[PDB]
>>> print(open('upload_35.txt').read())   # compact mmCIF, N, CA, C and O atoms
# COMPACT_ATOMS: atom_id res chain seq x y z
N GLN A 863 2.25 9.93 -17.67
CA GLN A 863 2.05 8.56 -18.11
C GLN A 863 0.64 8.32 -18.61
O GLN A 863 0.16 7.18 -18.64
N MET A 864 -0.04 9.39 -19.01
CA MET A 864 -1.40 9.29 -19.52
C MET A 864 -1.37 9.01 -21.02
O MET A 864 -2.36 8.53 -21.59
N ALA A 865 -0.24 9.30 -21.64
CA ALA A 865 -0.08 9.08 -23.07
C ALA A 865 0.28 7.63 -23.37
O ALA A 865 -0.20 7.06 -24.34
N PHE A 866 1.11 7.04 -22.52
CA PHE A 866 1.53 5.65 -22.70
C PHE A 866 0.42 4.67 -22.33
O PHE A 866 0.40 3.54 -22.81
N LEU A 867 -0.50 5.12 -21.48
CA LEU A 867 -1.61 4.28 -21.04
C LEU A 867 -2.68 4.25 -22.13
O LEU A 867 -3.46 3.30 -22.23
N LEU A 868 -2.71 5.30 -22.94
CA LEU A 868 -3.66 5.41 -24.03
C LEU A 868 -3.01 4.90 -25.31
O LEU A 868 -3.69 4.49 -26.25
N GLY A 869 -1.68 4.92 -25.34
CA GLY A 869 -0.94 4.46 -26.50
C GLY A 869 -0.83 2.95 -26.47
O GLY A 869 -0.91 2.29 -27.50
N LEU A 870 -0.66 2.41 -25.27
CA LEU A 870 -0.54 0.98 -25.07
C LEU A 870 -1.90 0.30 -25.06
O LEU A 870 -2.06 -0.80 -25.59
N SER A 871 -2.89 0.96 -24.46
CA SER A 871 -4.23 0.37 -24.41
C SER A 871 -4.85 0.28 -25.79
O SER A 871 -5.41 -0.75 -26.17
N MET A 872 -4.71 1.36 -26.56
CA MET A 872 -5.23 1.41 -27.92
C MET A 872 -4.56 0.35 -28.78
O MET A 872 -5.22 -0.33 -29.57
N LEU A 873 -3.25 0.20 -28.63
CA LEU A 873 -2.51 -0.79 -29.40
C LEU A 873 -2.91 -2.21 -29.02
O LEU A 873 -3.03 -3.08 -29.89
N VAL A 874 -3.12 -2.46 -27.73
CA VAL A 874 -3.58 -3.77 -27.29
C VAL A 874 -4.93 -4.10 -27.90
O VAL A 874 -5.16 -5.21 -28.40
N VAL A 875 -5.84 -3.13 -27.90
CA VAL A 875 -7.16 -3.37 -28.47
C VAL A 875 -7.05 -3.62 -29.97
O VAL A 875 -7.75 -4.49 -30.50
N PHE A 876 -6.19 -2.88 -30.66
CA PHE A 876 -6.00 -3.08 -32.09
C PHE A 876 -5.48 -4.47 -32.39
O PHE A 876 -5.98 -5.16 -33.28
N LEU A 877 -4.46 -4.90 -31.65
CA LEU A 877 -3.88 -6.22 -31.90
C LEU A 877 -4.88 -7.33 -31.59
O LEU A 877 -4.99 -8.30 -32.35
N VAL A 878 -5.63 -7.20 -30.49
CA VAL A 878 -6.63 -8.21 -30.17
C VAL A 878 -7.68 -8.28 -31.27
O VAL A 878 -8.12 -9.37 -31.66
N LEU A 879 -8.06 -7.11 -31.78
CA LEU A 879 -9.05 -7.03 -32.85
C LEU A 879 -8.55 -7.75 -34.10
O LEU A 879 -9.27 -8.54 -34.70
N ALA A 880 -7.31 -7.46 -34.49
CA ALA A 880 -6.72 -8.08 -35.67
C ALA A 880 -6.63 -9.59 -35.50
O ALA A 880 -6.87 -10.35 -36.45
N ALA A 881 -6.30 -10.05 -34.30
CA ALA A 881 -6.31 -11.48 -34.02
C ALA A 881 -7.71 -12.05 -34.17
O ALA A 881 -7.89 -13.15 -34.68
N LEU A 882 -8.71 -11.29 -33.74
CA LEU A 882 -10.06 -11.83 -33.68
C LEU A 882 -10.73 -11.88 -35.05
O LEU A 882 -11.52 -12.79 -35.32
N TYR A 883 -10.41 -10.94 -35.94
CA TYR A 883 -11.06 -10.87 -37.24
C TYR A 883 -10.09 -11.01 -38.40
O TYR A 883 -10.43 -10.63 -39.53
N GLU A 884 -8.90 -11.57 -38.16
CA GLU A 884 -7.93 -11.95 -39.19
C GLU A 884 -7.81 -10.94 -40.33
O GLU A 884 -7.91 -11.28 -41.51
N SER A 885 -7.60 -9.68 -39.96
CA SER A 885 -7.51 -8.62 -40.95
C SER A 885 -6.80 -7.42 -40.32
O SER A 885 -6.60 -7.35 -39.11
N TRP A 886 -6.40 -6.49 -41.18
CA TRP A 886 -5.78 -5.25 -40.75
C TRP A 886 -6.67 -4.04 -40.96
O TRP A 886 -6.35 -2.96 -40.45
N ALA A 887 -7.76 -4.20 -41.70
CA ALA A 887 -8.67 -3.09 -41.98
C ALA A 887 -9.80 -3.01 -40.96
O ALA A 887 -10.22 -1.92 -40.58
N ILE A 888 -10.28 -4.17 -40.53
CA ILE A 888 -11.37 -4.22 -39.56
C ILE A 888 -10.95 -3.56 -38.24
O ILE A 888 -11.70 -2.75 -37.69
N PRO A 889 -9.76 -3.90 -37.70
CA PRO A 889 -9.34 -3.22 -36.47
C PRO A 889 -9.12 -1.74 -36.66
O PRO A 889 -9.29 -0.97 -35.71
N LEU A 890 -8.76 -1.30 -37.86
CA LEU A 890 -8.65 0.14 -38.10
C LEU A 890 -10.03 0.79 -38.04
O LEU A 890 -10.19 1.86 -37.45
N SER A 891 -11.03 0.12 -38.61
CA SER A 891 -12.38 0.66 -38.58
C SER A 891 -12.92 0.67 -37.15
O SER A 891 -13.72 1.53 -36.80
N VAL A 892 -12.47 -0.26 -36.32
CA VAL A 892 -12.94 -0.30 -34.95
C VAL A 892 -12.22 0.78 -34.12
O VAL A 892 -12.84 1.43 -33.28
N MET A 893 -10.94 1.00 -34.41
CA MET A 893 -10.16 2.01 -33.70
C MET A 893 -10.61 3.43 -34.05
O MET A 893 -10.54 4.33 -33.22
N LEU A 894 -11.07 3.62 -35.29
CA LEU A 894 -11.52 4.93 -35.75
C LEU A 894 -12.72 5.51 -35.00
O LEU A 894 -13.14 6.64 -35.26
N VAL A 895 -13.27 4.72 -34.09
CA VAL A 895 -14.43 5.14 -33.31
C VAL A 895 -14.02 5.67 -31.94
O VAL A 895 -14.83 6.31 -31.26
N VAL A 896 -12.78 5.42 -31.54
CA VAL A 896 -12.31 5.89 -30.24
C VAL A 896 -12.34 7.41 -30.14
O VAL A 896 -12.83 7.94 -29.13
N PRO A 897 -11.84 8.17 -31.12
CA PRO A 897 -11.86 9.64 -30.98
C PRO A 897 -13.25 10.20 -30.80
O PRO A 897 -13.39 11.26 -30.18
N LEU A 898 -14.29 9.53 -31.29
CA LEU A 898 -15.65 10.04 -31.08
C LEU A 898 -16.07 9.91 -29.62
O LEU A 898 -16.67 10.84 -29.06
N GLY A 899 -15.77 8.78 -28.98
CA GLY A 899 -16.03 8.66 -27.56
C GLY A 899 -15.24 9.66 -26.74
O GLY A 899 -15.77 10.28 -25.82
N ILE A 900 -13.95 9.82 -27.07
CA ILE A 900 -13.16 10.82 -26.37
C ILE A 900 -13.72 12.22 -26.62
O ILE A 900 -13.65 13.09 -25.75
N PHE A 901 -14.28 12.42 -27.81
CA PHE A 901 -14.85 13.72 -28.17
C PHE A 901 -15.96 14.10 -27.20
O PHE A 901 -15.93 15.18 -26.61
N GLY A 902 -16.93 13.21 -27.03
CA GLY A 902 -18.04 13.45 -26.13
C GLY A 902 -17.56 13.61 -24.70
O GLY A 902 -18.03 14.49 -23.98
N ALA A 903 -16.62 12.77 -24.30
CA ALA A 903 -16.06 12.83 -22.95
C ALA A 903 -15.49 14.21 -22.68
O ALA A 903 -15.75 14.81 -21.63
N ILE A 904 -14.71 14.72 -23.62
CA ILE A 904 -14.11 16.04 -23.49
C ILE A 904 -15.17 17.13 -23.51
O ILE A 904 -15.10 18.10 -22.76
N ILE A 905 -16.18 16.93 -24.35
CA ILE A 905 -17.28 17.89 -24.45
C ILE A 905 -18.02 17.98 -23.12
O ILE A 905 -18.29 19.08 -22.63
N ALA A 906 -18.33 16.83 -22.54
CA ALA A 906 -19.03 16.79 -21.26
C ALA A 906 -18.21 17.45 -20.16
O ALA A 906 -18.74 18.24 -19.36
N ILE A 907 -16.92 17.14 -20.12
CA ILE A 907 -16.05 17.71 -19.10
C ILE A 907 -15.95 19.23 -19.23
O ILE A 907 -16.05 19.94 -18.23
N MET A 908 -15.75 19.72 -20.45
CA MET A 908 -15.66 21.16 -20.66
C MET A 908 -16.96 21.85 -20.30
O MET A 908 -16.96 22.93 -19.71
N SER A 909 -18.10 21.24 -20.65
CA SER A 909 -19.39 21.88 -20.40
C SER A 909 -19.70 21.94 -18.92
O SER A 909 -20.14 22.98 -18.42
N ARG A 910 -19.44 20.85 -18.21
CA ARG A 910 -19.70 20.78 -16.78
C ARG A 910 -18.67 21.56 -15.96
O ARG A 910 -18.93 21.93 -14.82
N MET B 1 -3.31 -27.40 -34.86
CA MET B 1 -2.82 -26.08 -34.47
C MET B 1 -2.24 -25.33 -35.67
O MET B 1 -2.74 -24.28 -36.06
N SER B 2 -1.17 -25.89 -36.24
CA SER B 2 -0.52 -25.24 -37.37
C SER B 2 -1.49 -25.03 -38.53
O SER B 2 -1.49 -23.97 -39.16
N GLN B 3 -2.32 -26.04 -38.82
CA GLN B 3 -3.29 -25.91 -39.90
C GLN B 3 -4.28 -24.78 -39.64
O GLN B 3 -4.84 -24.22 -40.58
N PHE B 4 -4.50 -24.44 -38.36
CA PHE B 4 -5.35 -23.31 -38.03
C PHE B 4 -4.71 -22.00 -38.45
O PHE B 4 -5.40 -21.11 -38.97
N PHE B 5 -3.40 -21.86 -38.25
CA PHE B 5 -2.72 -20.62 -38.58
C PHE B 5 -2.33 -20.52 -40.04
O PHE B 5 -2.05 -19.42 -40.52
N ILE B 6 -2.35 -21.63 -40.77
CA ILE B 6 -2.01 -21.59 -42.18
C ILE B 6 -3.06 -20.79 -42.95
O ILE B 6 -2.77 -20.20 -43.99
N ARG B 7 -4.29 -20.77 -42.43
CA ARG B 7 -5.38 -20.03 -43.05
C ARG B 7 -5.70 -18.73 -42.32
O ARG B 7 -6.58 -17.99 -42.77
N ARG B 8 -5.02 -18.45 -41.21
CA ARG B 8 -5.23 -17.22 -40.45
C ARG B 8 -3.87 -16.60 -40.14
O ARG B 8 -3.39 -16.64 -39.01
N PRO B 9 -3.22 -16.00 -41.14
CA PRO B 9 -1.88 -15.45 -40.91
C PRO B 9 -1.88 -14.22 -40.03
O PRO B 9 -0.90 -13.98 -39.32
N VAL B 10 -2.97 -13.44 -40.04
CA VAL B 10 -3.00 -12.23 -39.24
C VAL B 10 -2.94 -12.56 -37.76
O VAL B 10 -2.31 -11.85 -36.98
N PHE B 11 -3.58 -13.66 -37.34
CA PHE B 11 -3.48 -14.08 -35.95
C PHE B 11 -2.05 -14.42 -35.57
O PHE B 11 -1.58 -14.07 -34.48
N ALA B 12 -1.33 -15.10 -36.47
CA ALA B 12 0.06 -15.43 -36.22
C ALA B 12 0.89 -14.16 -36.07
O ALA B 12 1.66 -14.02 -35.11
N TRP B 13 0.76 -13.23 -37.01
CA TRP B 13 1.50 -11.98 -36.92
C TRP B 13 1.12 -11.19 -35.67
O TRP B 13 1.95 -10.48 -35.11
N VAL B 14 -0.13 -11.32 -35.21
CA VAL B 14 -0.54 -10.61 -34.01
C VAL B 14 0.14 -11.18 -32.78
O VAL B 14 0.61 -10.43 -31.91
N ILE B 15 0.21 -12.51 -32.67
CA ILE B 15 0.93 -13.07 -31.52
C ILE B 15 2.41 -12.72 -31.60
O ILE B 15 3.05 -12.42 -30.58
N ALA B 16 2.97 -12.72 -32.81
CA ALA B 16 4.36 -12.32 -32.98
C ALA B 16 4.59 -10.89 -32.50
O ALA B 16 5.54 -10.61 -31.78
N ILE B 17 3.70 -9.97 -32.89
CA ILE B 17 3.86 -8.58 -32.50
C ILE B 17 3.62 -8.41 -31.01
O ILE B 17 4.26 -7.57 -30.36
N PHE B 18 2.71 -9.19 -30.42
CA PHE B 18 2.54 -9.17 -28.98
C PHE B 18 3.84 -9.51 -28.27
O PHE B 18 4.29 -8.78 -27.38
N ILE B 19 4.46 -10.62 -28.66
CA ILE B 19 5.72 -11.02 -28.03
C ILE B 19 6.79 -9.95 -28.25
O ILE B 19 7.52 -9.59 -27.33
N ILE B 20 6.87 -9.46 -29.49
CA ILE B 20 7.86 -8.46 -29.85
C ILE B 20 7.75 -7.14 -29.08
O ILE B 20 8.76 -6.57 -28.68
N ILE B 21 6.52 -6.67 -28.87
CA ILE B 21 6.32 -5.41 -28.16
C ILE B 21 6.48 -5.61 -26.66
O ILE B 21 7.01 -4.72 -25.97
N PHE B 22 6.09 -6.77 -26.13
CA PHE B 22 6.32 -6.99 -24.71
C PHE B 22 7.81 -7.10 -24.41
O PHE B 22 8.29 -6.55 -23.41
N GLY B 23 8.57 -7.78 -25.27
CA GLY B 23 10.00 -7.85 -25.07
C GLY B 23 10.69 -6.50 -25.19
O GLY B 23 11.61 -6.19 -24.43
N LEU B 24 10.24 -5.67 -26.14
CA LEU B 24 10.84 -4.36 -26.31
C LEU B 24 10.50 -3.43 -25.15
O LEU B 24 11.32 -2.58 -24.79
N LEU B 25 9.31 -3.56 -24.57
CA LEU B 25 9.00 -2.79 -23.37
C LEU B 25 9.76 -3.32 -22.17
O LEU B 25 10.04 -2.57 -21.23
N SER B 26 10.09 -4.62 -22.17
CA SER B 26 10.71 -5.23 -21.00
C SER B 26 12.21 -4.98 -20.95
O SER B 26 12.77 -4.83 -19.86
N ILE B 27 12.88 -4.96 -22.10
CA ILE B 27 14.34 -4.82 -22.12
C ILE B 27 14.84 -3.64 -21.29
O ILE B 27 15.76 -3.83 -20.49
N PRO B 28 14.30 -2.42 -21.43
CA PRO B 28 14.89 -1.29 -20.69
C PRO B 28 14.88 -1.48 -19.18
O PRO B 28 15.91 -1.22 -18.54
N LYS B 29 13.78 -1.93 -18.59
CA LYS B 29 13.71 -2.07 -17.15
C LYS B 29 14.40 -3.33 -16.65
O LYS B 29 14.24 -3.68 -15.47
N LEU B 30 15.20 -3.97 -17.48
CA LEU B 30 15.92 -5.17 -17.06
C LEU B 30 17.31 -4.81 -16.55
O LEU B 30 18.12 -4.27 -17.31
N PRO B 31 17.60 -5.09 -15.27
CA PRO B 31 18.93 -4.77 -14.74
C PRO B 31 20.02 -5.42 -15.57
O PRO B 31 19.81 -6.43 -16.24
N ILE B 32 21.21 -4.83 -15.51
CA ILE B 32 22.38 -5.41 -16.16
C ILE B 32 23.47 -5.57 -15.11
O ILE B 32 23.53 -4.83 -14.13
N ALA B 33 24.32 -6.57 -15.32
CA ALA B 33 25.42 -6.86 -14.42
C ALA B 33 26.37 -7.79 -15.16
O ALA B 33 26.07 -8.26 -16.26
N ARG B 34 27.50 -8.09 -14.53
CA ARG B 34 28.47 -9.02 -15.11
C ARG B 34 28.13 -10.45 -14.70
O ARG B 34 28.49 -11.40 -15.40
N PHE B 35 27.44 -10.59 -13.57
CA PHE B 35 27.04 -11.89 -13.06
C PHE B 35 25.79 -11.64 -12.24
O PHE B 35 25.52 -10.50 -11.84
N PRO B 36 25.01 -12.69 -11.98
CA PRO B 36 23.77 -12.50 -11.21
C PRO B 36 24.13 -12.61 -9.74
O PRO B 36 25.30 -12.51 -9.38
N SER B 37 23.13 -12.84 -8.89
CA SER B 37 23.40 -12.98 -7.47
C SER B 37 23.87 -14.42 -7.29
O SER B 37 23.16 -15.25 -6.71
N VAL B 38 25.07 -14.71 -7.78
CA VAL B 38 25.59 -16.06 -7.79
C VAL B 38 26.37 -16.35 -6.52
O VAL B 38 26.18 -17.40 -5.90
N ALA B 39 27.23 -15.44 -6.09
CA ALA B 39 27.98 -15.66 -4.86
C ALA B 39 27.04 -15.59 -3.66
O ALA B 39 26.14 -14.75 -3.63
N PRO B 40 27.24 -16.45 -2.67
CA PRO B 40 26.33 -16.48 -1.52
C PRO B 40 26.33 -15.16 -0.78
O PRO B 40 27.39 -14.56 -0.57
N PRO B 41 25.16 -14.68 -0.38
CA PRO B 41 25.09 -13.38 0.29
C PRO B 41 25.70 -13.44 1.68
O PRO B 41 25.53 -14.41 2.41
N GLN B 42 26.39 -12.37 2.05
CA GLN B 42 27.10 -12.29 3.32
C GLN B 42 26.47 -11.24 4.21
O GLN B 42 26.15 -10.14 3.74
N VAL B 43 26.35 -11.55 5.49
CA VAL B 43 25.95 -10.59 6.50
C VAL B 43 27.14 -10.38 7.42
O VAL B 43 27.58 -11.32 8.11
N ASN B 44 27.70 -9.18 7.41
CA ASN B 44 28.88 -8.85 8.19
C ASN B 44 28.45 -8.15 9.47
O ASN B 44 27.76 -7.13 9.42
N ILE B 45 28.93 -8.68 10.60
CA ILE B 45 28.67 -8.09 11.90
C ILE B 45 29.96 -7.46 12.41
O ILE B 45 30.84 -8.15 12.92
N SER B 46 30.07 -6.15 12.26
CA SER B 46 31.25 -5.45 12.74
C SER B 46 31.05 -5.09 14.20
O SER B 46 30.07 -4.42 14.55
>>> encode(input="upload_35.txt", output="structure tokens")
Amino acid sequence: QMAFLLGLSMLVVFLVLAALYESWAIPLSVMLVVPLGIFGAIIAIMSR
Amino acid sequence: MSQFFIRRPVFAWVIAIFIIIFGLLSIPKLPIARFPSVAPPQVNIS
């Protein structure tokens, strides 16, 4: 259930974003930053 | 209220999709039956 928690959480953030900035491109640009945070997280975990 | 959404359609569609996705997630875990707990519950002492 780690996929649905990331699938649902990401979607909730996207929808809230679209509501907040009345657009479909701005929330995409905000969502496009999530893989970078996960990237570092995975990097740190693998290194440690 | 309505005049607020006439100029912000994305917010309207977002609330619509919120309701739509919550209902679609909710339907499966909803029990089904022919009737609800309508008849009074009985405790039988044999």
>>> interface_residues(input="upload_35.txt", of="chain B", to="chain A", cutoff="10 Å", atoms="only C-alpha atoms", output="PyMOL selection string")
chain B and resi 7-15+17-18+21
>>> atom_distance(input="upload_35.txt", atom1="atom N of residue B:23", atom2="atom CA of residue A:864")
20.6 Å
>>> atom_distance(input="upload_35.txt", atom1="atom C of residue A:867", atom2="atom N of residue A:908")
20.3 Å
>>> atom_distance(input="upload_35.txt", atom1="atom CA of residue A:909", atom2="atom CA of residue A:895")
21.7 Å
>>> select_by_dssp(input="upload_35.txt", residues="stretch 865-910 of chain A", states="helix (DSSP H, G or I)", output="VMD selection string")
chain A and resid 865 to 883 888 to 893 896 to 909
